[PDB]
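For reference, the chain that follows is the form deposited in one PDB entry, supplied as structure tokens.
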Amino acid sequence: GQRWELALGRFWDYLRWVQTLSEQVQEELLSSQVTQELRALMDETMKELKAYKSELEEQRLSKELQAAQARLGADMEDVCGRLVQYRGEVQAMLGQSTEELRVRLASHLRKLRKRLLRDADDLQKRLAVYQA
């Protein structure tokens, strides 16, 4: 276990739910609830990571960590941006079927998640070294 790791897992779990694009997710995507929920989980994750690095200081590499940290932050934002895009494309469809939009979202979302996953594992690996 590890605080920032647990917070990241909550964001992770939340996003995996969104990926399902179930009825409740779809309702929520058309409000700002999903992106607000994610923004909070994202903020918590970044807060904990900052506290964690700060404490690790007490036991080039810093700029590589700061940037792997940045990658994660940008990946989380990219996801939300894609979610905002979806709400807008739905509005633009003027009530017309969104199934096609959802197929496309799911596939893109899957890739943005794969990215986030690889940047979190990298960040973890650098930390595991910074550890000791």
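Note that residue numbering follows the sequence shown and begins at 1.
What comes next is about the form deposited with a small molecule bound, which is not displayed.
Participant: When the contact criterion is heavy atoms within 4.5 Å, does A120 count as touching the small molecule in the entry with it bound?
Facilitator: Yes, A120 is a contact residue.
Participant: I'd like to know whether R10 contacts the small molecule in the entry with it bound, with contact meaning heavy atoms within 4.5 angstroms.
Facilitator: Heavy-atom contact with the small molecule at 4.5 Å: present for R10.
Participant: Indicate whether the small molecule has at least one heavy atom within 4.5 Å of a heavy atom of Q19 in the entry with it bound.
Facilitator: Outside the cut-off, so no.
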